[PDB]
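K.L.:
Need a 3D model of the following:
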Amino acid sequence: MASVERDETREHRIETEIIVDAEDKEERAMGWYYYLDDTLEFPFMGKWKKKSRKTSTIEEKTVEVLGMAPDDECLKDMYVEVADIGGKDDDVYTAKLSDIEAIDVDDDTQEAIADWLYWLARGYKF
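P.N.:
Residues are numbered from 1 along each chain as shown. Sure, the structure comes next:
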């Protein structure tokens, strides 16, 4: 996985709150989805730091997130519906939460995002 063990707090939260109810990949995705859906104070502004060019280039884009994607999407990865403030401001796309950096959100929203970024660095468990 990755040695990103910043402190055991997040390992504990993952195992005993985020995915405690899970068993297999679909249920682990639902565990993450339900925790984030309950925690994130969407709609909020964020930067979509789109991973690009197959070189980990970051094509940043400034967006307003509207909410998490449907559970049918959230079975496959964590995703959010977003409106491109710098390209539409009147239409909506979908982005990976893994490629989003929220702006001026609450601590609990930032916490869920940070917690997910450790799981991203880990190379996942679903």
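K.L.:
Residue 117: neighbour count?
P.N.:
15 (other Cβ atoms under 10 Å). For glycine as for every other residue, the C-beta is placed from the backbone atoms N, C-alpha and C.
K.L.:
do residue 20 as well
P.N.:
11.
K.L.:
same check, this time on the one 10 residues further on
P.N.:
By the other Cβ under 10 Å criterion, the neighbourhood of residue 30 contains 18 residues.
K.L.:
Over to residue 21?
P.N.:
Neighbour count of residue 21, defined by other Cβ under 10 Å: 11.
K.L.:
Let's verify the spatially closest residue to it that is not a sequence neighbour: helix, strand, or coil?
P.N.:
Nearest residue to residue 21 in three dimensions, chain neighbours excluded: residue 31, at 5.8 Å (Cβ to Cβ, 6 or more residues apart in numbering). Using DSSP: H, G, I helix; E, B strand; the rest coil, the structure places residue 31 in helix.
K.L.:
residues in contact with residue 31?
P.N.:
18, 19, 20, 21, 22 (Cβ atoms under 8 Å, 6 or more residues apart in numbering).
K.L.:
which one of those residues sits closest to residue 124?
P.N.:
Closest approach to residue 124 among the contacts of residue 31 (Cβ to Cβ): residue 19, at 11.4 Å.
K.L.:
my read: that closest one touches residue 29, true?
P.N.:
No. With contact defined as Cβ atoms under 8 Å, residue 19 and residue 29 do not form a contacting pair (9.2 Å).
K.L.:
can you give me the strands in this protein?
P.N.:
44-52, 57-68, 79-84, 93-96, 100-103 (DSSP state E).
K.L.:
Give me the sheet partners of the fourth one and which way each runs.
P.N.:
Spelled out, it's strand 93-96. strand 79-84 (antiparallel) (DSSP bridges).
K.L.:
angle of the partner strand against strand 57-68?
P.N.:
Between strand 79-84 and strand 57-68, the angle comes out at 110 degrees (axes from the mean of the first three to the mean of the last three Cα atoms, to 10 degrees).
K.L.:
who touches strand 79-84?
P.N.:
42, 46, 48, 61-69, 73, 89-97, 100.
K.L.:
ok, of these, which come out buried?
P.N.:
42, 46, 48, 61, 63-65, 68-69, 73, 95-97, 100 (16 or more other Cβ atoms under 10 Å).
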